[PDB]
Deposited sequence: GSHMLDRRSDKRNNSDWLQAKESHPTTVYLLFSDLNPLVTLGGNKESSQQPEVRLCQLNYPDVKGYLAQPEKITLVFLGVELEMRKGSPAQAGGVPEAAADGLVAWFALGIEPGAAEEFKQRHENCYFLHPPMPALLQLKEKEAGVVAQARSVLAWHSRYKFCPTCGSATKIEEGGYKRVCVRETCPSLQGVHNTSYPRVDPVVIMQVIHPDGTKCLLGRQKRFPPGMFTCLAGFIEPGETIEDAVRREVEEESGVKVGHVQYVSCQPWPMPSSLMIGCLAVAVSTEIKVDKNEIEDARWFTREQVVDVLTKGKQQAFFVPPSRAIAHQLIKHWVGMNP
């Protein structure tokens, strides 16, 4: 990650309040969960215009901050190097604002714009910036849909730097002991590059909503009581009929749509017959290594920053 989350500061109201108006503090502005970005404008993002975060400071956002009931403020962390309250730490916050306010901003700064739609525009951000966006967007998305207490239905209030919501009903069981109802949600999702029993093909599928010709790795949410490997085997068989043996973890990608942790795996199929569950996917097929090589250089796959692309590209290079 690009920041140190400094979760120990989340219950330090005085420190958080002081940092809000400190001149070194960085703000990332969000409207309807979309981050404010800019194209080009420095050396790295120049040779072809690259999308980068529009980093704001207190003088840019002070008017939003002075209406706390209309904003959602999340402490993201501090920069990894300290500069020469006044502790040398450079704080970052995510600031979610109302649409009226965002319009008045868009007329104020012409070079910055809100990134949308989230898929695939978030894949345009460089890795370090994409990670902080995934943190900020996932927490703001949680706040947008978890305003009421799941245990009793009452209103809740934000606490702990944006990382906790607390029911206002004093008698509520959610307030006795520690419960996940207080805290942001992380949904684990397995996504799997599935290799044919003969090592020369891989299994890819699509949903009816996908652009014509796009195919990608099968994926699904891990269920309660399931391991990573269990979910890979179950989801592949559900959607495509294919039975899976060995499952190998490869890498992760946080995917803030709203709050998914993509757990990327390589899996070896032990059967070949395909039986598509139309209620989930429209199509699943075996693609030869040669076909996939042709496409990485009559179907196509997600862009290179998507984990599915990284899994497919990794496989193309493995020893058959």
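Annotation: deposited residues 1 to 2, 87 to 98, 312 to 316 are not represented by C-alpha coordinates in the model.
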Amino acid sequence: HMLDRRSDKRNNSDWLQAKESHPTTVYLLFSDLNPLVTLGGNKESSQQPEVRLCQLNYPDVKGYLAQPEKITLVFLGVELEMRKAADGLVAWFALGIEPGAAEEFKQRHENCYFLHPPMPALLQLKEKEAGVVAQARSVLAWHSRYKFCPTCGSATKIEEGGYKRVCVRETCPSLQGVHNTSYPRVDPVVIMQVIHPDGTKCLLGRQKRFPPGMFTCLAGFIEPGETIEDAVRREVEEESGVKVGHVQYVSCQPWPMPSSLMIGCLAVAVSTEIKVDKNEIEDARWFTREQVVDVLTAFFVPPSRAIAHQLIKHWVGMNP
From here on, numbers count along this sequence of modelled residues.
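Per-stretch averaging of Cα B factors for 110 to 118 and 142 to 150 places 110 to 118 on top. In this entry, 101 to 109 has the higher mean Cα B-factor, the comparison being between 101 to 109 and 209 to 217. Each of 275, 43, 285, 52 has a CA temperature factor in the record; the biggest one is found at 43. Comparing the listed residues 182, 240, 227, 171, the entry records the largest Cα B-factor for 171. Sort the modelled residues of the chain by CA B factor and residue 160 lands in the middle third. Ranked by Cα temperature factor within the chain, residue 167 sits in the middle third according to the deposited record. Residue 253: CA B factor lies in the lowest third for its chain, per the PDB record. Sorting the modelled residues of the chain by their CA temperature factor places residue 311 in the lowest third. Annotation for residue 262: CA B-factor lies in the lowest third of the chain's modelled residues.
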